Amino acid sequence: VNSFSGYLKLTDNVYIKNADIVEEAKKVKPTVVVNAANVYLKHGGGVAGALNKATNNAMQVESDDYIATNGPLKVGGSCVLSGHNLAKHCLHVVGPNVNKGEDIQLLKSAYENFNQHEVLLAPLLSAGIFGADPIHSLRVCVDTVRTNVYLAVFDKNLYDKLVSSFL
Ligand SMILES: Cc1ccc(S(N)(=O)=O)cc1
């Protein structure tokens, strides 16, 4: 049993909810929240900008030190950093950004990072300002992630479309 509430069950391991990932993290304090990161961990907008704002910029300060030491992530890659006030840990995962011309086949590699964690609160990778089709992102998620993932979708119109169209 876990703390996650109000989710619709899509499969054995994937759950979905119309929820504000920031507000959900603040309520649950999950072991792992996933960030929709870029390779530079520049948390300007989208999910990343919202998560970072909720940490009062502490996520960005930590991230800048990580990049100064290790250099940029790979598209499809990840790193584990602090969850600050939102979670124990933040798994920063880089999905391909279609608005930069990145290979959508890298979305499966991105979701494979989730399998290193037994339970996660996450957004749909490469959705929103990363430009991918969220219906596709949900299909790759279901077909790739084997650990227990709780997906948060802020916009009701998209949430309702994801559920209604789910095979
Ligand atoms: C209308 C809206 C949609 C998505 C988000 S976020 N910060 O989860 O990406 C916020 C507001």
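Listed as the method for this PDB entry is X-ray crystallography; the listed resolution is 1.0000 Å.

Novice: Quick question: what am I supposed to make of the packing of aromatic side chains here?
Specialist: When we look at a pair of aromatic rings, we describe it by the centre distance and by the angle of the planes. Applying the stated rule across the entire model yields five aromatic pairs. Here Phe-4 and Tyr-150 contribute two aromatic rings whose centre-to-centre distance is 4.0 Å and whose plane-to-plane angle is 10°, an arrangement assigned as stacked. Of this pair, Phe-4 sits in the segment before β1 (8–9) while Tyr-150 sits in strand β7 (residues 148–152), placing them 146 residues apart in sequence. Of the residues examined, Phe-4 reaches a relative accessible area of 14% and is grouped as buried. For the ring pair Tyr-15 and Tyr-150, a centre distance of 4.8 Å and an interplane angle of 10° mean the geometry is stacked. Of the two residues, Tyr-15 is situated in strand β2 (residues 14–17) and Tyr-150 in strand β7; the sequence distance between them amounts to 135 residues. We classify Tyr-15 as buried; its relative accessible area is 18%. Joined through ring pairs, the aromatic side chains of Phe-4, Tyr-7, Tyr-15 and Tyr-150 make up one cluster.

Conventions we followed
Residues numbered from 1 in each chain as written, not as in the entry; some residues may be left out. Heavy atoms only, no water. Residues with missing side-chain atoms left out of burial classes, pairs and counts. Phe/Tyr/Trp six-rings, centres within 6.5 Å; stacked < 30°, edge-to-face > 60°. Helix = DSSP H or I, 4+ residues; strand = E, 2+ residues; numbered from the N terminus. Buried < 20%, exposed > 50% of the residue type's maximum accessible area, 1.4 Å probe, protein only.

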